[PDB]
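Below: one structure, written as structure tokens.
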Amino acid sequence: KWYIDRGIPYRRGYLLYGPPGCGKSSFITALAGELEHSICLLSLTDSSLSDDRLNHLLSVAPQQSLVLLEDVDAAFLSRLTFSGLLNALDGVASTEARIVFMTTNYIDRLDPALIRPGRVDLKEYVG
Amino acid sequence: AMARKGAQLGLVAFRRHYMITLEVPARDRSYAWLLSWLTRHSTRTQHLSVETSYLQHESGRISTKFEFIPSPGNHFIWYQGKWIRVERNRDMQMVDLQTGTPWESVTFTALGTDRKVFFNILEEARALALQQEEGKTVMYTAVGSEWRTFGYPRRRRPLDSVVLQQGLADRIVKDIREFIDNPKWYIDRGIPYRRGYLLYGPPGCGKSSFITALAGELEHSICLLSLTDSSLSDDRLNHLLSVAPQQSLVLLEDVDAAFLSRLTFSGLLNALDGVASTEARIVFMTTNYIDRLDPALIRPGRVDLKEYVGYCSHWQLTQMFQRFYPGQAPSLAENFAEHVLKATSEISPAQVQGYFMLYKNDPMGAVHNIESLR
Amino acid sequence: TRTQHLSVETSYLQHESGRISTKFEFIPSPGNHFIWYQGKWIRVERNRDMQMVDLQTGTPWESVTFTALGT
Amino acid sequence: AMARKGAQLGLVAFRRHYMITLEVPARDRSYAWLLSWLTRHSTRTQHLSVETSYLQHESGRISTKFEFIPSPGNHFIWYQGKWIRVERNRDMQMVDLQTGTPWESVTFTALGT
């Protein structure tokens with residue numbers, strides 16, 4: 001109600017960057033189970049999907065389905081795109097309770113534009 | 001034998017002259033509505049049965065809702081100045097073929113010659129049954145030459161959530177309503193029942209959001225299309241425009257790219273002028289600017305009146321501040337708007353919305369950080 | 001107009017985007033009715049037979065009869 | 001004829017003013033839940049029937065689980081400060097089209113308001 005009253009899209013994004021072997025995916029699955037919400041994983045580092053395909057699959061995600069993505073460094077360094085993913089994330093076409101999580105090894109290759117309102121809200125680092 | 005005949009004649013005369021009744025079969029949807037209404041009206045229903053609505057939502061979500069119905073048999077209800085008998089007879093003879101339930105019906109039985117009581121009860125039951133549902137807007141996409149139900153029904157965005165000008169949105173809504181509710185005027189004069197609107201303005205003005213909001217307020221469906229893509233052709237555009245569903249406003253974007261250049265500039269207007277149309281064919285065209293276009297596009301049988309969306313005004317700024325923050329000092333909002341205008345003149349509503357997101361539940365901090373925005 | 005005994009039937013249509021269009025109509029209740037038409041009083045019998053169900057539709061057998069004096 | 005009318009009026013008044021009841025059809029999913037709950041609550045259910053859940057898991061795994069339900073008829077249960085009659089009537093007239101079972105229902109019958 002707070003979001004719909006102010007006319008803001010009901011979407012959220014989270015970022016988890018940290019050293020490999022920290023069990024970020026396991027923690028994501030555990031929090032999805034505790035919240036009882038469904039999880040949908042995707043590997044954006046693969047070149048099989050395109051920017052438009054990513055936009056469709058992000059928009060056609062089922063209800064209460066947290067969408068998880070990994071390896072932003074490879075795609076952002078380079079189908080392959082760096083601003084296309086954020087453009088698709090900023091698209092108006094969404095679903096009810098659209099929560100996206102992004103797990104990666106490091107934040108060096110990324111930009112502050114990705115961490116913004118309407119995008120990843122607060123940054124958390126696993127130690 | 002004489003006693004039986006006399007009793008039969010007396011009973012039939014009594015029913016025909018002094019007695020009123022109404023019947024609702026189980027097949028009719030009014031059965032459940034009337035049962036729920038009678039359950040709600042009478043709190044102390046000692047005899048009752050239970051029915052549960054069980055839904056298996058994804059990931060093993062059990063959602064069970066309990067509801068209570070009057071038990072089959074006889075009940076007495078005190079309504080108005082009357083005592084009404086309610087008979088819920090579940091016939092133990094045969095089973096409905098369509099549903100797979102034994103034959104059932106309900107009867108309301110009352111003394112008098114005032115049928116208006118039954119009409120009022122039925123209208124109240126209809127209103128109670130209808131009030132639970134929430135209106136939704138269904139999104140539609142275009143693939144090849146076919147419109148498809150893309151995604152899921154969308155919650156209707158309130159009109160006040162989007163602010164454009166003092167009365168520009170009001171004028172647009174009034175004109176749309178006037179066109180919609182007067183088809184006789186158009187058909188009498190032998191003119192096609194089509195309309196077009198143009199919204200050109202700087203990006204970030206929320207034109208698409210305003211279109212969705214007005215579609216929700218009008219309760220009409222929306223069908224978006226990106227004509228700037230080369231996937232569709234002129235003939236494909238003509239087919240999809242002509243095959244658009246009823247009461248479906250069709251929205252198009254980025255006229256500049258196609259008109260500058262499948263790709264066509266006069267083909268789109270030729271398709272728009274085509275006789276093949278649908279009932280209440282309303283087209284909206286949103287774009288960044290009007291420079292690349294021609295006055296021929298803004299003509300009768302086409303976009304009727306041109307409206308331009310501007311940047312944030314002092315009234316717009318204070319209205320959006322009030323909408324974001326539920327109740328503060330109006331002087332604070334006025335000072336906020338004045339500071340925003342002093343810092344920037346071409347400020348867009350998207351930037352203000354993002355700034356308010358940055359300072360969620362922080363009115364004073366946002367006010368003091370206007371100079372930071374600069 | 002003054003049909004004291006009657007039943008109701010609704011036509012419910014689910015138009016696109018969740019449009020509920022319900023229209024209420026009223027029918028004489030099953031049983032006996034008397035109508036004054038022309039110079040005649042005509043009996044109308046709406047008998048809903050509680051024996052069997054129509055296979056094609058899935059409703060109990062029904063019929064209506066108009067009964068009048070004269071040739 | 002007067003005795004029958006008086007008895008009918010007395011019975012209908014008794015049911016309407018002093019008596020409470022609840023009905024659950026066999027189609028509703030609450031039927032099995034209530035049957036299992038009444039089986040669990042009353043350990044000494046002398047009259048009962050049995051139903052088995054048989055599952056054929058891969059590689060020829062037979063997994064059969066036995067469950068017990070009150071037998072059709074009349075039962076008496078002592079709950080709270082009340083004695084409640086439970087009537088499980090399996091009607092021998094017609095068969096449900098959706099499932100393929102004879103029409104069944106359960107009724108809880110109690111004194112009070």
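Residue numbering restarts at 1 in every chain; chains get A, B, ... in the order shown in the structure tokens, and ligands count up from 1 in that same order.
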In chain D, what's strand (DSSP E) per DSSP? Answer as a VMD selection string?
chain D and resid 19 to 25 48 to 57 61 to 70 73 to 79 82 to 95 102 to 111
What residues in chain B lie within 7 Å of chain A, counting only C-alpha atoms, written as a ChimeraX atom specification?
/B:59,151,161,323-324,354,357-358
Near-residue 23 in chain A list (12 Å; only C-alpha atoms; drop same-chain fewer than 5 positions) as an NGL selection string
:A and (16-18 or 28-30 or 103-105 or 126-127)
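Note that CA of residue 34 in chain B and CA of residue 94 in chain B are 23.2 Å apart.
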Pull the closest atom pair for each residue of chain C that gets at most 8 Å from chain B, along with the distance in Å to one decimal, counting only C-alpha atoms, ordering rows by chain and then ascending residue number, as a tab-separated table.
```
residue	atom	partner	partner_atom	distance
C:4	CA	B:20	CA	5.4
C:5	CA	B:21	CA	5.4
C:6	CA	B:22	CA	5.5
C:7	CA	B:23	CA	4.7
C:8	CA	B:24	CA	6.4
C:9	CA	B:28	CA	6.8
C:10	CA	B:28	CA	7.0
C:17	CA	B:138	CA	5.5
C:18	CA	B:135	CA	6.4
C:29	CA	B:23	CA	7.4
C:33	CA	B:16	CA	7.6
C:52	CA	B:94	CA	7.8
C:58	CA	B:97	CA	5.5
C:59	CA	B:96	CA	7.5
```
Looking only at the backbone, which of the residues in range 39-126 of chain A does DSSP tag as helix (DSSP H, G or I), as a PDB file with N, CA and C atoms, in the first residue's frame?
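Final output, part20.pdb:
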```pdb
ATOM      1  N   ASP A  51      19.736  -9.380 -24.713  1.00  0.00           N
ATOM      2  CA  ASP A  51      19.181  -8.308 -23.891  1.00  0.00           C
ATOM      3  C   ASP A  51      17.657  -8.344 -23.902  1.00  0.00           C
ATOM      4  N   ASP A  52      17.066  -8.495 -25.088  1.00  0.00           N
ATOM      5  CA  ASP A  52      15.613  -8.551 -25.198  1.00  0.00           C
ATOM      6  C   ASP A  52      15.054  -9.813 -24.553  1.00  0.00           C
ATOM      7  N   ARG A  53      15.746 -10.944 -24.712  1.00  0.00           N
ATOM      8  CA  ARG A  53      15.343 -12.173 -24.037  1.00  0.00           C
ATOM      9  C   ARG A  53      15.389 -11.999 -22.524  1.00  0.00           C
ATOM     10  N   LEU A  54      16.438 -11.336 -22.028  1.00  0.00           N
ATOM     11  CA  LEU A  54      16.531 -11.053 -20.601  1.00  0.00           C
ATOM     12  C   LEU A  54      15.373 -10.174 -20.147  1.00  0.00           C
ATOM     13  N   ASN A  55      15.013  -9.172 -20.952  1.00  0.00           N
ATOM     14  CA  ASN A  55      13.889  -8.306 -20.607  1.00  0.00           C
ATOM     15  C   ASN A  55      12.587  -9.096 -20.535  1.00  0.00           C
ATOM     16  N   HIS A  56      12.341  -9.963 -21.524  1.00  0.00           N
ATOM     17  CA  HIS A  56      11.123 -10.769 -21.496  1.00  0.00           C
ATOM     18  C   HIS A  56      11.083 -11.663 -20.266  1.00  0.00           C
ATOM     19  N   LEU A  57      12.173 -12.389 -19.998  1.00  0.00           N
ATOM     20  CA  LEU A  57      12.160 -13.341 -18.891  1.00  0.00           C
ATOM     21  C   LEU A  57      12.066 -12.627 -17.546  1.00  0.00           C
ATOM     22  N   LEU A  58      12.674 -11.444 -17.429  1.00  0.00           N
ATOM     23  CA  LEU A  58      12.500 -10.649 -16.219  1.00  0.00           C
ATOM     24  C   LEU A  58      11.052 -10.207 -16.062  1.00  0.00           C
ATOM     25  N   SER A  59      10.415  -9.810 -17.163  1.00  0.00           N
ATOM     26  CA  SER A  59       9.036  -9.346 -17.109  1.00  0.00           C
ATOM     27  C   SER A  59       8.031 -10.480 -16.948  1.00  0.00           C
ATOM     28  N   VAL A  72      28.026 -10.744 -12.851  1.00  0.00           N
ATOM     29  CA  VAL A  72      27.832  -9.472 -13.540  1.00  0.00           C
ATOM     30  C   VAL A  72      29.139  -8.982 -14.153  1.00  0.00           C
ATOM     31  N   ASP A  73      30.279  -9.401 -13.599  1.00  0.00           N
ATOM     32  CA  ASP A  73      31.566  -8.888 -14.064  1.00  0.00           C
ATOM     33  C   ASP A  73      31.822  -9.252 -15.522  1.00  0.00           C
ATOM     34  N   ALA A  74      31.542 -10.501 -15.902  1.00  0.00           N
ATOM     35  CA  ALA A  74      31.842 -10.952 -17.258  1.00  0.00           C
ATOM     36  C   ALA A  74      31.005 -10.205 -18.290  1.00  0.00           C
ATOM     37  N   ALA A  75      29.695 -10.102 -18.053  1.00  0.00           N
ATOM     38  CA  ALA A  75      28.822  -9.440 -19.017  1.00  0.00           C
ATOM     39  C   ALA A  75      29.060  -7.936 -19.046  1.00  0.00           C
ATOM     40  N   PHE A  76      29.249  -7.320 -17.876  1.00  0.00           N
ATOM     41  CA  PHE A  76      29.469  -5.879 -17.826  1.00  0.00           C
ATOM     42  C   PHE A  76      30.808  -5.497 -18.444  1.00  0.00           C
ATOM     43  N   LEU A  77      31.811  -6.375 -18.344  1.00  0.00           N
ATOM     44  CA  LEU A  77      33.083  -6.121 -19.010  1.00  0.00           C
ATOM     45  C   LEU A  77      32.915  -6.107 -20.524  1.00  0.00           C
ATOM     46  N   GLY A  84      22.506  -2.811 -21.246  1.00  0.00           N
ATOM     47  CA  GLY A  84      21.246  -3.442 -21.600  1.00  0.00           C
ATOM     48  C   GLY A  84      20.570  -4.106 -20.416  1.00  0.00           C
ATOM     49  N   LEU A  85      21.359  -4.725 -19.535  1.00  0.00           N
ATOM     50  CA  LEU A  85      20.786  -5.370 -18.358  1.00  0.00           C
ATOM     51  C   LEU A  85      20.126  -4.352 -17.434  1.00  0.00           C
ATOM     52  N   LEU A  86      20.774  -3.204 -17.219  1.00  0.00           N
ATOM     53  CA  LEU A  86      20.173  -2.181 -16.368  1.00  0.00           C
ATOM     54  C   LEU A  86      18.979  -1.516 -17.043  1.00  0.00           C
ATOM     55  N   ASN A  87      19.014  -1.365 -18.371  1.00  0.00           N
ATOM     56  CA  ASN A  87      17.842  -0.854 -19.076  1.00  0.00           C
ATOM     57  C   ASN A  87      16.660  -1.804 -18.937  1.00  0.00           C
ATOM     58  N   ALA A  88      16.908  -3.110 -19.058  1.00  0.00           N
ATOM     59  CA  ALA A  88      15.842  -4.090 -18.871  1.00  0.00           C
ATOM     60  C   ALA A  88      15.330  -4.081 -17.436  1.00  0.00           C
ATOM     61  N   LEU A  89      16.235  -3.926 -16.467  1.00  0.00           N
ATOM     62  CA  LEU A  89      15.821  -3.850 -15.070  1.00  0.00           C
ATOM     63  C   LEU A  89      14.952  -2.624 -14.818  1.00  0.00           C
TER      64      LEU A  89
END
```
I'd like the neighbourhood of residue 115 in chain A as a list in words, where a residue qualifies if any of its atoms comes within 9 Å (using only C-alpha atoms), though same-chain residues fewer than 5 positions away should be ignored.
residues 13, 14, 15, 120, 121, 122 and 123 of chain A
Any idea what's packed within 12 Å of residue 307 in chain B, counting only C-alpha atoms, ignoring anything in its chain fewer than 4 positions away? Could you give it as a VMD selection string?
chain B and resid 164 to 165 167 to 169 171 to 172 196 to 201 207 284 to 287 289 to 290 298 303
Next, dump the selected residues to file, keeping only C-alpha atoms, as a PDB file, in the first residue's frame.
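Full text of result.pdb as output:
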```pdb
ATOM      1  CA  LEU B 164       0.814  16.500 -15.388  1.00  0.00           C
ATOM      2  CA  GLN B 165      -0.729  19.989 -15.257  1.00  0.00           C
ATOM      3  CA  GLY B 167      -6.239  20.733 -15.944  1.00  0.00           C
ATOM      4  CA  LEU B 168      -4.623  19.125 -18.987  1.00  0.00           C
ATOM      5  CA  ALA B 169      -5.355  15.627 -17.683  1.00  0.00           C
ATOM      6  CA  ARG B 171      -9.415  18.070 -20.321  1.00  0.00           C
ATOM      7  CA  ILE B 172      -8.100  14.830 -21.832  1.00  0.00           C
ATOM      8  CA  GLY B 196      -6.155   9.800 -32.090  1.00  0.00           C
ATOM      9  CA  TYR B 197      -4.117  11.654 -29.493  1.00  0.00           C
ATOM     10  CA  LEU B 198      -0.516  12.880 -29.476  1.00  0.00           C
ATOM     11  CA  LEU B 199       1.741  13.363 -26.436  1.00  0.00           C
ATOM     12  CA  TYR B 200       5.191  14.734 -27.288  1.00  0.00           C
ATOM     13  CA  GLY B 201       7.544  15.736 -24.503  1.00  0.00           C
ATOM     14  CA  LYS B 207       3.741   9.584 -20.394  1.00  0.00           C
ATOM     15  CA  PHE B 284      -2.356   7.335 -28.548  1.00  0.00           C
ATOM     16  CA  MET B 285       1.091   8.311 -29.809  1.00  0.00           C
ATOM     17  CA  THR B 286       3.829   9.172 -27.304  1.00  0.00           C
ATOM     18  CA  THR B 287       7.133  10.643 -28.439  1.00  0.00           C
ATOM     19  CA  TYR B 289       9.484  15.676 -29.887  1.00  0.00           C
ATOM     20  CA  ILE B 290       7.323  16.881 -32.778  1.00  0.00           C
ATOM     21  CA  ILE B 298      -2.398  16.163 -36.966  1.00  0.00           C
ATOM     22  CA  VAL B 303      -4.722  12.923 -34.011  1.00  0.00           C
TER      23      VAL B 303
END
```
Find the residues of chain B in contact range of chain D, meaning any atom within 12 Å when counting only C-alpha atoms, and list them as a PyMOL selection string.
chain B and resi 44-55+64-77+90-103
If you count only C-alpha atoms, which residues fall within 8 Å of residue 30 in chain C, apart from same-chain ones fewer than 4 positions away, as a PyMOL selection string?
chain C and resi 6+45-48
Can I get the selection written as a PDB file, in the first residue's frame, with N, CA and C atoms?
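In the end it all went to out24.pdb:
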```
ATOM      1  N   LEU C   6     -43.149 -15.496  -8.751  1.00  0.00           N
ATOM      2  CA  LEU C   6     -42.165 -15.377  -9.816  1.00  0.00           C
ATOM      3  C   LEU C   6     -40.824 -15.909  -9.332  1.00  0.00           C
ATOM      4  N   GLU C  45     -50.227 -22.996 -16.871  1.00  0.00           N
ATOM      5  CA  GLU C  45     -49.648 -24.013 -16.004  1.00  0.00           C
ATOM      6  C   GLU C  45     -48.195 -24.223 -16.399  1.00  0.00           C
ATOM      7  N   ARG C  46     -47.281 -23.868 -15.502  1.00  0.00           N
ATOM      8  CA  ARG C  46     -45.850 -24.077 -15.709  1.00  0.00           C
ATOM      9  C   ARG C  46     -45.429 -25.237 -14.816  1.00  0.00           C
ATOM     10  N   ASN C  47     -45.422 -26.440 -15.379  1.00  0.00           N
ATOM     11  CA  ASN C  47     -45.106 -27.652 -14.637  1.00  0.00           C
ATOM     12  C   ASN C  47     -43.652 -28.029 -14.887  1.00  0.00           C
ATOM     13  N   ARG C  48     -42.856 -28.041 -13.824  1.00  0.00           N
ATOM     14  CA  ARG C  48     -41.463 -28.474 -13.875  1.00  0.00           C
ATOM     15  C   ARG C  48     -41.428 -29.888 -13.307  1.00  0.00           C
TER      16      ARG C  48
END
```
Among the residues D:48, D:86, D:111, D:3, the one that comes closest to residue 67 in chain D [using only C-alpha atoms]
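When distances to residue 67 in chain D are compared using only C-alpha atoms, the smallest one comes from D:48.
The interatomic distance for the pair CA of residue 293 in chain B and CA of residue 270 in chain B works out to 14.8 Å.
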Using CA of residue 147 in chain B and CA of residue 180 in chain B as the two end points, give the distance in Å to one decimal.
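CA of residue 147 in chain B sits 22.5 Å away from CA of residue 180 in chain B.
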So which residues touch range 224-231 of chain B within 8 Å, counting only C-alpha atoms, skipping near sequence neighbours fewer than 5 positions away, as a JSON list (two decimals) with N, CA, C and O atoms, in the first residue's frame?
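New file part04.json:
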```
[["chain", "number", "residue", "atom", "x", "y", "z"],
["B", 139, "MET", "N", -2.75, -6.41, -19.84],
["B", 139, "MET", "CA", -1.78, -5.93, -20.80],
["B", 139, "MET", "C", -1.84, -6.79, -22.06],
["B", 139, "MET", "O", -2.05, -8.00, -21.99],
["B", 140, "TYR", "N", -1.66, -6.15, -23.21],
["B", 140, "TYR", "CA", -1.69, -6.83, -24.50],
["B", 140, "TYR", "C", -0.48, -6.45, -25.34],
["B", 140, "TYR", "O", -0.11, -5.28, -25.42],
["B", 141, "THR", "N", 0.12, -7.46, -25.97],
["B", 141, "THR", "CA", 1.25, -7.26, -26.87],
["B", 141, "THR", "C", 0.85, -7.67, -28.28],
["B", 141, "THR", "O", -0.21, -8.25, -28.51],
["B", 142, "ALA", "N", 1.73, -7.38, -29.24],
["B", 142, "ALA", "CA", 1.50, -7.71, -30.64],
["B", 142, "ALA", "C", 2.68, -8.53, -31.15],
["B", 142, "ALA", "O", 3.83, -8.08, -31.08],
["B", 250, "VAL", "N", -4.97, 1.68, -28.20],
["B", 250, "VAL", "CA", -3.70, 1.21, -28.75],
["B", 250, "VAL", "C", -2.67, 2.34, -28.62],
["B", 250, "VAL", "O", -2.92, 3.47, -29.04],
["B", 251, "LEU", "N", -1.53, 2.02, -28.01],
["B", 251, "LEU", "CA", -0.48, 2.98, -27.73],
["B", 251, "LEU", "C", 0.74, 2.68, -28.58],
["B", 251, "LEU", "O", 1.14, 1.52, -28.72],
["B", 252, "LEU", "N", 1.32, 3.73, -29.16],
["B", 252, "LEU", "CA", 2.51, 3.61, -29.98],
["B", 252, "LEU", "C", 3.53, 4.65, -29.54],
["B", 252, "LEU", "O", 3.17, 5.71, -29.02],
["B", 253, "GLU", "N", 4.81, 4.34, -29.74],
["B", 253, "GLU", "CA", 5.90, 5.18, -29.26],
["B", 253, "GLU", "C", 6.97, 5.34, -30.34],
["B", 253, "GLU", "O", 7.08, 4.53, -31.26],
["B", 254, "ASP", "N", 7.74, 6.42, -30.21],
["B", 254, "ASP", "CA", 8.90, 6.70, -31.06],
["B", 254, "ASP", "C", 8.51, 6.84, -32.53],
["B", 254, "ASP", "O", 8.95, 6.08, -33.40],
["B", 255, "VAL", "N", 7.67, 7.83, -32.80],
["B", 255, "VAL", "CA", 7.31, 8.16, -34.18],
["B", 255, "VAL", "C", 8.50, 8.78, -34.92],
["B", 255, "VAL", "O", 8.59, 8.68, -36.15],
["B", 257, "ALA", "N", 11.74, 8.01, -35.06],
["B", 257, "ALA", "CA", 12.66, 7.09, -35.73],
["B", 257, "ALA", "C", 12.06, 6.55, -37.03],
["B", 257, "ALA", "O", 12.71, 6.54, -38.07],
["B", 258, "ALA", "N", 10.80, 6.09, -36.97],
["B", 258, "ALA", "CA", 10.18, 5.52, -38.16],
["B", 258, "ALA", "C", 9.87, 6.59, -39.20],
["B", 258, "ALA", "O", 10.07, 6.36, -40.40],
["B", 262, "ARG", "N", 8.95, -2.52, -44.02],
["B", 262, "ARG", "CA", 8.99, -2.36, -42.58],
["B", 262, "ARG", "C", 8.90, -0.89, -42.18],
["B", 262, "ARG", "O", 7.83, -0.40, -41.85],
["B", 263, "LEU", "N", 10.04, -0.21, -42.20],
["B", 263, "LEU", "CA", 10.08, 1.20, -41.84],
["B", 263, "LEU", "C", 9.33, 2.04, -42.87],
["B", 263, "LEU", "O", 9.49, 1.85, -44.08]]
```
